[PDB]
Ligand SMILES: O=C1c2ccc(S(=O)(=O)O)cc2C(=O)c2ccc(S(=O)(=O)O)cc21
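The chain below stands alone, shown as structure tokens; this is the form solved without the ligand.
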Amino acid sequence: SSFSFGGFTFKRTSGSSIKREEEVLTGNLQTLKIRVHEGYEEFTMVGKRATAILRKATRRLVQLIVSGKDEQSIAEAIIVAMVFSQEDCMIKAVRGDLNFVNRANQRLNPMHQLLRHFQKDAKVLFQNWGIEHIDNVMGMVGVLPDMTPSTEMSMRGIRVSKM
């Protein structure tokens, strides 16, 4: 529909999805109960410092083309997208405990807890997502897990566009 997550306005342009509660295992073998969105969808993510076009299948980011003000703003959109995708490699990239016990995390649904976790440090998220060789498309660049640009390789399904 039209909703917000991690500071971005999401607007669905194609497809549809249904919700099914599912148990997932983190890289720390912690069980999380998440509402999995099933179905292929395309979205525009609109933020104050970055915008993107997201194509996602059930628990699988297919493509993310992002533009933004700078490396940091772009990385923020990428993190929000990777979390939003509900991919297994993102869930498995959680390597410590996801505290649901403490007073401050009570109002946090799993997806929002995952988001907070990766926003604190996205190093393992980016390093475990995977890289691919990229085809040459002008006006688009690949981005390595350290957010340095490359015309050779990129984080899987991720491309950076010029503003």
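Each residue number is its position in the shown sequence, starting from 1.
The same protein also exists as the form deposited with the ligand bound; that form is not shown, yet it is the one meant from here on.
This chain is drawn without the ligand; in the deposited complex, the residue among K48, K120, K123, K33 with a heavy atom within 4.5 Å of it is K33.
Among residues of the shown chain, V101 is one whose heavy atoms approach the ligand to within 4.5 Å in the deposited complex. Residue contact with the ligand in the deposited complex: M138 places a heavy atom within 4.5 Å of it.
By the criterion of a heavy atom within 4.5 Å, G27 is excluded from the residues contacting the ligand in the deposited complex. By the criterion of a heavy atom within 4.5 Å, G130 is excluded from the residues contacting the ligand in the deposited complex. Contacts between 125-163 and the ligand, taken as any heavy atom within 4.5 Å in the deposited complex, involve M138, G139, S161, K162, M163.
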